[PDB]
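Okay, structure first, notes after.
All chains are named by letter (A, B, ...) in the order of the sequence lines, taking the proteins before the strands, and each is independently numbered beginning at 1. Just so it is clear, the values below take in all heavy atoms, side chains as well, and ignore hydrogens, waters and symmetry mates.
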Amino acid sequence: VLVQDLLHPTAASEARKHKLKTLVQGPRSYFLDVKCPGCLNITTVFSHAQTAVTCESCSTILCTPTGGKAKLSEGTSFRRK
Amino acid sequence: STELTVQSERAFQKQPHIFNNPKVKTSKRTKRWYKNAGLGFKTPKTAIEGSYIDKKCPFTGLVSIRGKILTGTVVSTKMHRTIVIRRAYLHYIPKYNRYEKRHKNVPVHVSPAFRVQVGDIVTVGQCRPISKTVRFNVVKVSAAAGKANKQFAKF
Amino acid sequence: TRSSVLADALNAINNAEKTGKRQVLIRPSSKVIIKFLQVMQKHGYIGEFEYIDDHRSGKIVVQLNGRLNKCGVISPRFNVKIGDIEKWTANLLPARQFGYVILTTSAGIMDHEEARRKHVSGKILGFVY
Amino acid sequence: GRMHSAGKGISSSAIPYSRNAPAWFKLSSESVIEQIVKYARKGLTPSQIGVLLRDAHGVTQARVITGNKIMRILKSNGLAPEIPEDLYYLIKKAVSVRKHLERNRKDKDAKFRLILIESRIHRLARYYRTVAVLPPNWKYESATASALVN
Amino acid sequence: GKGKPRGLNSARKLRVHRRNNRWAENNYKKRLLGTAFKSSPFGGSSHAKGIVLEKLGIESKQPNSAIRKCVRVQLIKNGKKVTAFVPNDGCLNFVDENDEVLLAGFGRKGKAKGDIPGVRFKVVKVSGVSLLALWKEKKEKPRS
RNA sequence: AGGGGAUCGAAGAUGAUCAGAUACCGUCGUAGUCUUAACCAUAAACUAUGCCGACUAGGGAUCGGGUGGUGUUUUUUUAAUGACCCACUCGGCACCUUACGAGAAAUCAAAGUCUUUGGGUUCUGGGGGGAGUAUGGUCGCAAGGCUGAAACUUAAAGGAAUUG
RNA sequence: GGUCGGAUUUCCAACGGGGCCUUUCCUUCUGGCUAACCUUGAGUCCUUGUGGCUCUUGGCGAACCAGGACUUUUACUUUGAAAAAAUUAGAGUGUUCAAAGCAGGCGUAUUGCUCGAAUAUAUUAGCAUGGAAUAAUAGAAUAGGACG
RNA sequence: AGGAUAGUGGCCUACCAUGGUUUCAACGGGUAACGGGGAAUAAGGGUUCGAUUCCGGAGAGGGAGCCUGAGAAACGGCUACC
Ligand SMILES: [Mg+2]
Ligand SMILES: [Mg+2]
Ligand SMILES: [Mg+2]
Ligand SMILES: [Mg+2]
Ligand SMILES: [Mg+2]
Ligand SMILES: [Mg+2]
Ligand SMILES: [Mg+2]
Ligand SMILES: [Mg+2]
Ligand SMILES: [Mg+2]
Ligand SMILES: [Mg+2]
Ligand SMILES: [Mg+2]
Ligand SMILES: [Mg+2]
Ligand SMILES: [Mg+2]
């Protein structure tokens, strides 16, 4: 220590640090394109959904809220971004 | 204003030595004296075209503006033709090189040529003693909004 | 709650200087802070500093060259006449030959030598020596 | 923080730096506006409208995809409530606590919490009256509170 | 920090706090209450005259053993009774009873001096003649 | 004031001890202890450390939540889960080392960022006693609480540590 | 540099200023002293570095006088006018010295000349006055908004 | 609105309205309080004093009333009461 590059820190270090405690704060959540076997529709969901989003065809349940990231259903495929 | 018994008193209210000769009838049929208060203040069109008498008016009365010019916010409009302004200021205390808030309440005569409400800012000019406590006349109302017409319910 | 981001800035710089750090992070980094840093940078007490543009308030990374003894705010910001600048410099500065009392005058934020050259006065902001 | 507690938790949301997000959203800002309006007519508050929008759709920040905030859009579309959401929910909590207290005389913890909730209500109501969101001499009376909240 | 207000507009608070805590000083409290005028054997005076009521032998405080040869006198101007020490070898034979004496303090603004308990005054003159002059035999005590 | 009232136990009784013991000890035992409806508002109510905010040091733990795994585990001897392990992270009760710093010192991660003295703000103190007394006010059914002097008196009282 | 470390300078160093341009307010007429002249029908000789260019026809005049198509409000800070004398600080003056005082000094004394009796400060508030960093305040959200 | 005053003014009167001040400390109590120029001390900031040579106010044993006069509610003027 006692001499550091505060402007250009390590990507592993920022990945370790808290989301509010980086050099520039930003979200670590993300959005998922979600596909259920019922139909060919694509549903955009939030990683930390905090709701039980439902598909237009499979209009009962798609995900279950949890403390952090939403628990996607076992009969479901997903893709980041 | 024009209505509600301008002659509401036991005596006839009129500007002294301003004769409205009844023999000759002009178009206006009445004569109203007025003056500019000076010092850059302008006589309002309400004073020019009003019906009130108000012998203490800085524009249509017999009083004159001379001496100090003060500014303040209105805190009381409860008595007839007189308001109370609040002059807030900071008093320096040299030992602590600091300030303390202080205020004075100035009773000031308001001409019916002006409409004031609590919260308005007015400039007042010193005049001869008008009452026991009043020594100033409202000469300008520096009020644009008043913070009253924007608090209503929203539809 | 925060009441003087300038005070937090100068306290953080002072603590890094005391601990021997060569760089310090400052938040939220107002433009009064930026002017204070430019004055001490002009006189050489700090090096390059960097404004981080987050979309909320900004940050500053200041490079420290070990030449700073102490910097801090004078809170509250007393009004100072022309003749009380000498009293403030006598009270706050280690010597009459170096060190600066920072003023916020109508002509802008400057050091007391510049204020005396300009024959201007204002409020007292802080000091550096 | 925690004006009526000793807690010091942070637990905030960190909105992205990019004010023009997210380079993969394709729905029109106008279509977002009809979605907001139809949810308001369904009877949803702005916060949960934004929650369900962000959840079941790709709209990350409505103030980013659309040019205005949710409450601003609803006010522009004539759907603003008589009282704001946060004040409404504080009043609802106070009504719940009072209903509990009227039958639980010995719940002194509930009495303490009721006092703290009512003081929060009064502070927020004062702010809203100064910012003219509420009419002047609007008052939380604790007698018409249940009427105010229904 | 420091537990006192610092804002530019806190002068009223600072002045009032100083006024309130000023009452914990001794001299300020005496000046403001007028204790010397109200509760003090002298009326704030340096000296006072009195009529000797009696001669007293006051025992010395530890670790001293002595009889201090004081006098109980009544002041002319207010009728208060005080005890005055008669300072020198002898000089108690110069005082007598019913005589008129002049009294000063010891020098501790109250606060009985030395090993003499509860005695705050000393005799300067008797019958209009300085006690030092009577002790040095420069003068003689008048018959009257 | 009503109910309850096992136990223990201000008062009291009583046996010891003792010079005396209306103390300690032993055996009983009213009020209390429990409860309801009302009062009271005081504790060494103590961390004897006001509250809010920022920064400064090196670790191992632990509680709650969350994130991740060339991880394991009772189920399918290769499933969410739950339970453990590892790496983090936010918040919390705290600990260990040392103080670079502070302090009169004991000690303190705050009691640091203080003659290089200014982040915001509330309350309290001004040698020891008299005295939290007197009086006035106010609250209480009372016990008492809150507010709260003066005369006078006195050279120390007091803190931490050292040696005996 | 004939001027024995002794009195320098538009080739400038760093300052303290003002003005103009860069998307840059000075809201706008009233009559003329012809904008720090964006017009050379004329024309002024100092015999070859570069600031001492005459009668300038008008010609888009903010460096100027109160009538209102005239004013967001302060805190703060600069400068200035005044703020009795005495007292205070302080200049001069051999009261024999001094405290003081405001006197005195110089001619050939032939009938006289002359220095003075300074200066500074005296707060807050008020009054003008340059500045617009710091701190507060106001504006256009059901447009009852601005510009002609 | 009038009266009175040298004159403004609840200064007073008639009628009317219900106002005015206040924790930014009103109102009340105390002052061994006349205010100031100033004085003592004083690194800076301050603390204390100012009955008393100059300025302003007030009073002439205590109150009140008044005459004469440009000017007095005078007291080395008057009148009454104490
Ligand atoms: Mg709070
Ligand atoms: Mg404890
Ligand atoms: Mg305690
Ligand atoms: Mg805990
Ligand atoms: Mg004490
Ligand atoms: Mg009249
Ligand atoms: Mg009247
Ligand atoms: Mg007196
Ligand atoms: Mg005097
Ligand atoms: Mg007199
Ligand atoms: Mg005469
Ligand atoms: Mg006489
Ligand atoms: Mg006389």
- Note on the structure: Checking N1-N3 plus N6-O4 or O6-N4 for Watson-Crick, or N1-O2 and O6-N3 for wobble, each under 3.5 Å, the partner of H/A33 is none

- Message: Quick one, C/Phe78 with C/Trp88, criterion ring-ring contact (aromatic ring centres under 6.0 Å, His included). Give me CA distance, side-chain angles, the key distance, then yes/no.
- Response: CA-CA 10 Å; C/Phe78 301 98; C/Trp88 274 111; 5.7 Å; yes

- Item | Rounded P spacing from G/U54 to G/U39 in Å | 16 Å

- Stack flag F/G118/F/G119 (5.5 Å, 30°): no

- Query: So does E/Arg120 get a side-chain nitrogen or oxygen closer than 4.0 Å to the phosphate oxygens (OP1/OP2) of F/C152?
  - Reply: yes

- Message: Nearest heavy atom decides the nucleotide; on that basis, is B/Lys104 or B/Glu100 closer to the 5' end of RNA chain H?
- Response: B/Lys104

- Message: Within the 4.0 Å heavy-atom criterion, would you say E/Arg31 contacts the bases, only the backbone, or no part of the nucleic acid?
- Response: sugar-phosphate

- Query: Rounded to the Å, how far apart are E/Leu8 CG and G/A135 P?
  - Reply: 13 Å

- With sequence neighbours left out, what residues match E/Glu25 under salt bridge (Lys or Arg N to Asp or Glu O under 4.0 Å)? E/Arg22

- Note on the structure: Sugar of F/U56, judged by the sign of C1'-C2'-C3'-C4' (positive north, negative south), puckers north

- In the strands shown, is G/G112 matched to any nucleotide by a Watson-Crick or G-U wobble pair with both distances under 3.5 Å, and which? G/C106

- Task: Please report, rounded to the nearest Å, how far the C1' atom of H/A1 is from the CG atom of B/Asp54.
- Result: 15 Å

- Numerically ordered, the residues 115-124 of chain C set in heavy-atom contact under 4.0 Å with RNA chain F is none

- Query: Going by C1'-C2'-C3'-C4', which side is H/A32 on: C3'-endo/north or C2'-endo/south?
  - Reply: north

- Reckon B/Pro94 touches a base, only the sugar-phosphate, or nothing at all at heavy-atom distances under 4.0 Å? sugar-phosphate

- Message: Applying a cutoff of 5.5 Å on centroid distance plus 30° on plane angle, are these adjacent nucleotides, H/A42 and H/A43, stacked?
- Response: no

- side chain to side chain contact (heavy atoms under 4.5 Å, CB included) with C/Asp111: which residues, sequence neighbours excluded? C/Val39, C/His43, C/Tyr100, C/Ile102, C/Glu113, C/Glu114

- Is it true that atom CZ of B/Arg135 has more than 12 heavy atoms of other residues, nucleotides or ligands lying nearer than 6.0 Å? yes

- Message: Output one letter per nucleotide in nucleotides 112-125 of chain F: B when a protein non-hydrogen atom lies under 4.0 Å from the base, S when only the sugar-phosphate is that close, - when neither is.
- Response: BBS-BSBBBBBBBB

- Looking across every strand, which nucleic acid part, if any, lies under 4.0 Å from B/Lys140 by heavy atom: base, sugar-phosphate, or nothing? nothing

- Does H/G10 have its sugar in the north or the south range once you look at the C1'-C2'-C3'-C4' torsion? south

Using the 3.5 Å cut-off, write out each protein N or O paired with an N or O of nucleotides 67-69 of chain F and the distance between them.
residue, atom, partner, partner atom, Å
F/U67, OP1, A/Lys69, N, 2.9
F/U67, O3', A/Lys69, NZ, 3.4
F/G68, OP1, A/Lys69, NZ, 2.5

- Would you mind classifying the nucleic acid contact of B/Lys56 as base, sugar-phosphate or nothing, using non-hydrogen atoms under 4.0 angstrom? nothing

- Message: Need the pair for G/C29. Rule: Watson-Crick or G-U wobble, both distances under 3.5 Å, any strand; none if unpaired.
- Response: G/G67

- Task: Could you let me know what F/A37 is paired to, Watson-Crick or G-U wobble, both distances under 3.5 Å, or none if it's on its own?
- Result: none

- Could you state the atom-to-atom distance from CD1 of C/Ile82 to P of G/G80 in whole Å? 11 Å

- Note on the structure: Pairing partner of G/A140, by Watson-Crick or G-U wobble and under 3.5 Å for both distances, is none

- Message: So for C/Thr104 and G/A133, does any side-chain atom that can act as donor or acceptor lie under 3.5 Å from a complementary atom in the base?
- Response: yes

- Task: Taking atom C1' in both G/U57 and G/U50, compute the distance separating them and give it to the nearest angstrom.
- Result: 33 Å

- Note on the structure: Correct closest heavy-atom pair for A/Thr22 and A/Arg28 would be CG2-NH2, 4.0 Å

- Pairing residues for B/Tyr99 by the ring-ring contact (aromatic ring centres under 6.0 Å, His included) criterion, not counting sequence neighbours: B/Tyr92

- Note on the structure: Applying salt bridge (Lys or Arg N to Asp or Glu O under 4.0 Å) to E/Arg12 and not counting sequence neighbours gives B/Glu100

- Query: Which heavy atom of C/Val80 sits nearest a heavy atom of C/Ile85, and at what distance?
  - Reply: CG2-N, 3.6 Å

- Message: Classify C/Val80 by what it touches in the nucleic acid, base, sugar-phosphate, or nothing, heavy-atom distance under 4.0 Å.
- Response: sugar-phosphate

- Task: Using the salt bridge (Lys or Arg N to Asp or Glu O under 4.0 Å) rule, collect all pairs that involve residues 74-87 of chain C, keeping only residues at least two apart or in two chains.
- Result: C/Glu86-C/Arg96

- Item | Gap in Å between the two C1' atoms, one belonging to F/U62 and one to F/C96, rounded | 14 Å

- Whole angstrom value for the distance that separates P of H/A1 from CG of B/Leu62: 10 Å

- Query: Paired with F/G132 by Watson-Crick or G-U wobble geometry, both distances under 3.5 Å: which nucleotide is it?
  - Reply: none

- Query: What does E/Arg12 touch in the nucleic acid at a heavy-atom separation under 4.0 angstrom: a base, only the sugar-phosphate, or nothing?
  - Reply: sugar-phosphate

- Query: Within this structure, what is the CG-to-P distance between A/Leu2 and F/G58, rounded to whole angstrom?
  - Reply: 11 Å

- With nearest nucleotides of RNA chain H determined for B/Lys95 and B/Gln13 from heavy-atom distances, which residue corresponds to the more 5′ nucleotide? B/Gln13

Throw together a table of side-chain donor-acceptor distances under 3.5 angstrom for residues 67-81 of chain D, partners on residues two or more places apart or in other chains.
residue, atom, partner, partner atom, Å
D/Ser76, OG, D/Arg72, O, 3.0
D/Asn77, ND2, D/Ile73, O, 2.6

- Ignoring hydrogens and angles, does a donor from either the side chain of D/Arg2 or the base of F/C52 sit under 3.5 Å from an acceptor on the other? no

- Can you name the salt bridge (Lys or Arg N to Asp or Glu O under 4.0 Å) partners of C/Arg2, sequence neighbours left out? C/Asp8

- In whole angstrom, give the distance that lies between atom NE2 of B/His103 and atom P of G/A75. 18 Å

- For nucleotides 127-133 of chain F, just jot down a letter per nucleotide in 5' to 3' order: B, S or -, based on protein non-hydrogen atoms under 4.0 Å. S------

- Message: Does the protein touch nucleotides 91-101 of chain F at the base, only the backbone, or not at all? Give it as B, S and - per nucleotide, heavy atoms under 4.0 Å.
- Response: SS---------

- Item | Verify stacking: G/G107 then G/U108, 5.5 Å distance, 30° angle limits | no

- Task: Scan every strand shown for a Watson-Crick or G-U wobble partner of F/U116, both distances under 3.5 Å, and answer none if you come up empty.
- Result: none

- Remember a base hit wins even if backbone is also touched, and classify B/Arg128 as base, sugar-phosphate or nothing at under 4.0 Å, heavy atoms. sugar-phosphate

